[PDB]
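Participant: To kick things off, part of the complex as it is:
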Amino acid sequence: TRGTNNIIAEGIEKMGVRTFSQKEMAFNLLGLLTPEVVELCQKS
Amino acid sequence: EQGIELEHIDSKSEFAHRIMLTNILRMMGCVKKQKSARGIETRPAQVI
């Protein structure tokens, strides 16, 4: 995750790997709070 | 913590380990007692 050592971010990415902005990881994390994955957690 | 290798682990890292693990455990444990002390058996808190 890049935010306010990103200089090599472009390079690591040059290998088919993805780095993320903070708005992206936040969206990702927030997606674990969606009702769907919440109930999943409640099962195991 | 940066620039701290095995032999450098000291006061900072031990404290850091406390914030980043032991007290997180303590925190989950705390809300467990609260809920339980209130019979709250059907409203889990999700821990990311």
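Facilitator: Cool, the structure landed. Numbers count the residues shown, from 1 in each chain, chains lettered A, B, ... in the order given.

Participant: and residue B:14, how far is that from residue A:6?
Facilitator: According to Cβ to Cβ, to the nearest Å, residue B:14 and residue A:6 sit 30 Å apart. Where C-beta positions appear, they are placed from N, C-alpha and C, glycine not excepted.

Participant: Can you tell me which residues in chain A are near chain B?
Facilitator: Within chain A, the positions near chain B by Cβ under 8 Å from any Cβ of the partner chain are A:29, A:32-33, A:38, A:41-42.

Participant: again, 7 Å this time
Facilitator: Applying Cβ under 7 Å from any Cβ of the partner chain, we find that chain A lies next to chain B at A:29, A:32, A:38, A:41-42.

Participant: Report the secondary structure state of the closest residue to chain A within chain B.
Facilitator: Closest contact between chain B and chain A, by Cβ to the nearest Cβ, is at residue B:46 (5.6 Å). Of the three states, residue B:46 takes coil under DSSP: H, G, I helix; E, B strand; the rest coil.

Participant: add chain C to the structure above:
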Amino acid sequence: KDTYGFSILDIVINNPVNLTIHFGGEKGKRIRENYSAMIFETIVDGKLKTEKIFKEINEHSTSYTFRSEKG
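Facilitator: Just below you will find chain C, in place on the chains above:
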């Protein structure tokens, strides 16, 4: 407690302004179906007009809430 998720002793012991049920884990979900099966049937000229008592409780509800300004 085990079928509707509230304590009648509590309600009696300290008159609660409001009260929310939470349909938590596997037991939370067991509870809410008992809420979801509340039917009010109405035989009107041969026809049986049945409705859910708890309109809102459904497969996606996470809780219901009883309300009263007094208690």
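
Participant: what does the top helix by length along chain B contact?
Facilitator: As assigned by DSSP state H, the longest helix anywhere in chain B is helix B:23-36. With contacts defined as Cβ atoms under 7 Å, 6 or more residues apart in numbering or on different chains, helix B:23-36 is touched by B:45, B:47.

Participant: Run the chain-centre distance for it.
Facilitator: How far helix B:23-36 lies from its chain's middle: 9 Å, per Cα atoms, centre = their mean, to the nearest Å.

Participant: Repeat that for stretch B:16-25.
Facilitator: Its chain's C-alpha centre and that of stretch B:16-25 lie 4 Å apart, by Cα atoms, centre = their mean.

Participant: end-to-end on it?
Facilitator: Using Cα to Cα, to the nearest Å, the end-to-end distance of stretch B:16-25 comes to 14 Å.
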